[PDB]
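Before any comments, here is the structure.
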Amino acid sequence: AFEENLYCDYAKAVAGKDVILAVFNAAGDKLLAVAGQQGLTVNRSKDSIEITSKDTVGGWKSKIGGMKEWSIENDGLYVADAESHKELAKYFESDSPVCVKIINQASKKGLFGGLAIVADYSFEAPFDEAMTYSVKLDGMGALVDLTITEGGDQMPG
Amino acid sequence: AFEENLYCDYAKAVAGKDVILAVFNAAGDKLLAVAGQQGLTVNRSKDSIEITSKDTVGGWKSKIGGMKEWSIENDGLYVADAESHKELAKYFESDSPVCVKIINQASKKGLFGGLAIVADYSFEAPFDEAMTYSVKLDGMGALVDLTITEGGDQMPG
Amino acid sequence: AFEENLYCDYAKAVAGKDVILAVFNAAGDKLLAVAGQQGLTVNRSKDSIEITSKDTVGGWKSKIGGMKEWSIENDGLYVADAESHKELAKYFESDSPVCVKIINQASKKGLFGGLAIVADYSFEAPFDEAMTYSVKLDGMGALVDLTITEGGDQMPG
Amino acid sequence: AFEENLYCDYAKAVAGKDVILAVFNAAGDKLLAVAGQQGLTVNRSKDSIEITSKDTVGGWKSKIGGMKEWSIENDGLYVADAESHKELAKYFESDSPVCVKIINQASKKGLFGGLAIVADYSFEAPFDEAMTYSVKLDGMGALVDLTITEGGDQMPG
Amino acid sequence: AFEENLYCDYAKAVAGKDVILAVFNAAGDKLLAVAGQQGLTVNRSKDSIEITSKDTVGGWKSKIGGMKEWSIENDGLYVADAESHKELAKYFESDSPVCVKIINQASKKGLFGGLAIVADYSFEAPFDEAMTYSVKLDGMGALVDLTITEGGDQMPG
């Protein structure tokens, strides 16, 4: 086939559109892709503790790792009666943590999951564009790396 | 040859694509080029201590060098099941230092190597682009300059 | 017949005049060939995402396909009281999408169909020629390829 | 013969009509000349990286070659039920790369082959001419030069 | 491994989070890490007795060491129904000494242990922060240095 793959050979990159943020509803029985989403940022950082002393030799500072924190930023087209946005609205109103999940919907693998505060939930309505939302999810604890953890492959539905 | 090199003479610049970040796996037996990498920054800085006093003559401040620190910033296309990204994920999860190496893969010389904290490991997924990663490696001690040190020329493999 | 087809043998090309643009009226019960049409352009394009990295080997850029878009350009002799032009006028005035169809009226097969914005609807009246119209139909979503889809063979009438 | 070739001697130019674009079907078992094709353009370009510095002597800019990219443009008479055009339609619809080949059908040598995105697939139907198609094939990787590579001489069939 | 440890060599500092205060329950059968603790101070001081006389030669005061005293200060997030805080509350109420222990929970070594008065047990509740506690443990006698004493490595549990 294809002339024995002489000039065409049939994992190299993931399209961003296949990676979506999904939230669980308040009961946990439905996993909801956030409607109209367009941009996704997963932030994970670790603190560095400087432990340089006069015992330190060589002229370089001495550092050790500290504690980790994470946040998720998601923006997109805002539709107020969408079920995921009503869930996010209730989470923001009731001061309740939301279980969030990052999934590759094309490969059907979960990437990250954890409990987040809805730290920011804002909207923009320019007269010449579409109304957009912006949500910030502040991690409350561990962000589980599902790429190196067994399971976590439930798709939104 | 070539008309005695009258108008063509056959070290002047290194293409950035030949300089890659590689990490060792947790055991140290495999050196792994970070998959999908596109940008590389090696930061090395030194503090300055001002020692100006009333003995200082001439109207210029007096300074001496302080301690050194380094970090490495690397971004590129994120593929979650790539072996190097699974290693980086385990390093970030387990709070374990990673041995990193900067190599010129074309000339097969190592440039820099050292122990780093995975200080930041973040991801972006725009709907119209490819999913990218961004990693920050905070140096824990010396960054060995392999350009002026013997050896350090193991290539990723 | 014909001397056993020794020198004459009785699919090779389609005359452009048999391929016409037709629009549905606002209710959808009548399919209307746009009156006086003379030129037809169906544009379909796909974006390319460059995914070249330092893993890319061989010296060639790496690309993947992106999202698709389409438009239809149609020009011809303008007659203002023609029913199809009154429909196009109401679509342009009311900001309502128009269901358009490209058909081969000679072979009675539909070629393409989809929902379009009337993005441009303009007119020229030179003193020495006939008054012409020009319409641009910007696709809102999928342009269904009826050449490889079952059905879609309703003729204007 | 011919008076010892005194005034007539029996590689100097290739007629464009002998150079055709062919695509493989989705399975790869049939190589299909694109039906009705009339024009063919094979674009291959390389980037130039300027590396001029203050070390540069002589007053000329210093440049090195960058990465390569290619595309193929093909136009011709459009017949919608032709097998090659149905294949191109399915490639455009399914977002799947197409294995393309440039061959000299008279000398039966392949010229170029590679994986392409169907980046553009458009049609024109003037009332006084024949309906034409225009296709743009955006290269995804290497375009193999079969003029300097062994093999690649399968003809469409 | 790691290129023979050319640039990375795999005791230099203890993270404060691994050093915790633990108290025994009233019976002595359970050792309880104080819940929510964030800061720890172990104070050990010795008195100096000046013995300068007119026999003292050289112009320097003459001093000898006196008696030792110790205290422990611990603050953190206050949760009233935590078992360790209920134990501390009963110790403060009943005027009974509490057996306290400083342990490195990461290395599982005890550092210090002794009998203390609960000298201060106070709370702060700012409207914009979390409720905190502050406890002061006044030593009643010897503070045993478990870093130079055999044993004393029972972990809280």
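As a basis for the values below, the full set of heavy atoms in this structure was taken, side chains included, without hydrogen atoms, waters or symmetry mates. Just so it is clear: chains get the letters A, B, ... in the order the sequence lines come, proteins before strands, and each one is counted from 1.
Salt-bridge formation is detected for the pair A/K61/B/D47: a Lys NZ or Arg NE/NH1/NH2 atom is positioned less than 4.0 Å from an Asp or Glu carboxylate oxygen. A salt bridge is defined here as a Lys NZ or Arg NE, NH1 or NH2 lying under 4.0 Å from an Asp or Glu carboxylate O, and A/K63 with B/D138 meets this definition.
Contact check for A/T147 versus B/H85: no side-chain heavy atoms found under the 4.5 Å cut-off.
With a 4.5 angstrom heavy-atom cutoff, B/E93 touches chain A via backbone and side-chain atoms both. Contacts between A/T52 and chain B at a heavy-atom distance below 4.5 Å involve the side chain alone, from C-beta outward. In this structure, no portion of A/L21 lies under 4.5 Å from any heavy atom of chain B. Only the backbone of A/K12 has a heavy atom closer than 4.5 Å to any heavy atom of chain B. Residue B/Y133: no heavy atom, backbone or side chain, is found under 4.5 Å from chain A. Residue B/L115: no heavy atom, backbone or side chain, is found under 4.5 Å from chain A.
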Test log, rule side chain to side chain contact (heavy atoms under 4.5 Å, CB included), inputs B/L143 and A/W60: CA-CA 8 Å; B/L143 186 64; A/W60 291 89; 3.8 Å; yes
B/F127 vs A/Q37, side chain to side chain contact (heavy atoms under 4.5 Å, CB included): CA-CA, chis, key distance, verdict: CA-CA 8 Å; B/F127 82 98; A/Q37 63 180 281; over 6 Å; no
Side chain to side chain contact (heavy atoms under 4.5 Å, CB included) between B/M67 and A/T56, worked out: CA-CA 10 Å; B/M67 293 295 266; A/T56 300; 3.9 Å; yes
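When each of A/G65, A/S107, A/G59, A/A13 is checked for heavy-atom pairs under 4.5 Å with chain B, A/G59 comes out on top. Interface summary for chain A: among B/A130, B/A89, B/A142, the most heavy-atom pairs under 4.5 angstrom belong to B/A142. Of all the listed residues (A/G39, A/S62, A/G58), the one sharing the greatest number of non-hydrogen pairs under 4.5 Å with chain B is A/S62. Among B/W70, B/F92, B/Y121, the residue making the largest number of heavy-atom pairs under 4.5 Å with chain A is B/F92.
Other residues, nucleotides and ligands contribute at most 12 non-hydrogen atoms within 6.0 Å of the CG atom of A/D95.
Expressed to the nearest 0.5 Å, how far NZ of B/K90 lies from CG of A/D145 amounts to 10.0 Å. To the nearest 0.5 Å, the span separating OG1 on A/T41 from CD on B/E124 amounts to 4.0 Å. Taking CE of B/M140 as the start and CD of A/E50 as the end, the distance is 12.5 Å to the nearest 0.5 Å.
Within the 3.5 Å criterion, the main-chain N or O of A/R44 finds a donor-acceptor partner in the side chain of B/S122.
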